[PDB]
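In this chain, numbering begins with 1 at the start of the sequence shown.
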Amino acid sequence: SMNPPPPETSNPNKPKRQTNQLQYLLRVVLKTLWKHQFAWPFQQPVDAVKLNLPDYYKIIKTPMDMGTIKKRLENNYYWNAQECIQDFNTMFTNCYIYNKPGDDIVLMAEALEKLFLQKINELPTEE
Ligand SMILES: CC[C@@H]1C(=O)N(C)c2cnc(Nc3ccc(C(=O)N[C@H]4CC[C@H](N5CCN(CC6CC6)CC5)CC4)cc3OC)nc2N1C(C)C
């Protein structure tokens with residue numbers, strides 16, 4: 001099996017805007033997670049071919065990763081902060097679907113999610 005194409009990161013047929021929440025999501029949330037020790041498995045789409053995991057995309061039908069999220073933010077792909085937050089949560093949830101609780105990768109994801117939730121609790125105000 002091939003990899004699927006990666007998630008779309010730009011779309012000129014969607015209106016675009018910058019908001020202080022979206023800016024915060026890039027400059028604080030993404031930045032903070034990205035530089036974490038355990039960020040690396042989540043910085044790009046899962047290359048199931050390289051990892052020789054033919055079952056990964058048989059079960060994960062909404063893949064998501066921070067590389068994609070970062071590009072989406074950089075390309076003003078999101079109109080609402082909640083769209084971006086949903087992408088992070090999808091990424092975490094995917095990990096908790098494919099992998100056994102307590103596995104290495106799950107502990108890693110959990111560490112990131114804790115930091116994620118901490119930064120989101122500090123999200124600035126709408127406008
Ligand atoms: C899939 C199931 C499960 C799961 O749920 N997730 C999310 C998951 C995700 N990922 C992995 N693995 C890997 C991930 C990544 C790599 C990599 O090579 N990463 C490299 C990417 C290129 C990097 N860079 C360095 C600087 N370059 C340019 C800068 C200098 C200018 C840019 C290029 C260096 C690091 C290797 C992996 O494994 C060998 N496993 C996963 N697991 C399991 C297998 C448990």
Flag for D65-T68: side-chain donor and acceptor within less than 3.5 Å: yes
Considering only heavy atoms from C-beta outward, does the side chain of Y78 approach that of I69 to under 4.5 Å? yes
So, using side chain to side chain donor-acceptor pair (under 3.5 Å) as the criterion, who are the partners of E113 when residues are at least two apart? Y96
Separation between NZ of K114 and CG of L33, rounded to the nearest 0.5 Å: 13.0 Å
Would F42 and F92 count as a ring-ring contact (aromatic ring centres under 6.0 Å, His included) here? Give the steps. CA-CA 9 Å; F42 304 97; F92 295 129; 7.0 Å; no
Output the distance between atom OG (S1) and atom CG (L53), rounded to the nearest 0.5 Å. 11.0 Å
Which value, rounded to the nearest 0.5 Å, describes the distance between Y98 atom OH and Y57 atom OH? 10.5 Å
Excluding sequence neighbours, so at least two apart, what forms side-chain contact (heavy atoms from CB on, under 4.5 Å) with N20? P124
Within 6.0 Å of CD in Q18, more than 12 heavy atoms from elsewhere: no
Give a yes or no on whether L115 and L26 share a hydrophobic cluster (residues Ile, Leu, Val, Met, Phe, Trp, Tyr; joining criterion: side-chain heavy atoms under 4.5 Å apart). yes
Interatomic spacing from CD in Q86 to CE in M64 - rounded to 0.5 Å: 9.0 Å
Working to the nearest 0.5 angstrom, can you tell me the gap between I97 CD1 and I59 CD1? 6.5 Å
Kindly indicate whether a cation-pi arrangement holds for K71 with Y77, taking the cut-offs as under 6.0 Å to the six-membered ring centre and within 45° of the axis. no
More than 12 foreign heavy atoms under 6.0 Å from CD of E110: is that the case here? yes
Does the distance from a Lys or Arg side-chain N to an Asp or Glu carboxylate O, for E74 and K70, drop under 4.0 Å? yes
Single hit among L123, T125, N80, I85 for side chain to side chain contact (heavy atoms under 4.5 Å, CB included) with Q21: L123
Please check if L30 and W79 belong to a single hydrophobic cluster, counting links between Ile, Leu, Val, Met, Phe, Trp and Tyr side chain heavy atoms closer than 4.5 Å. no
Minimal non-hydrogen separation, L73 against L22, with atom names: CD2-O, 3.9 Å
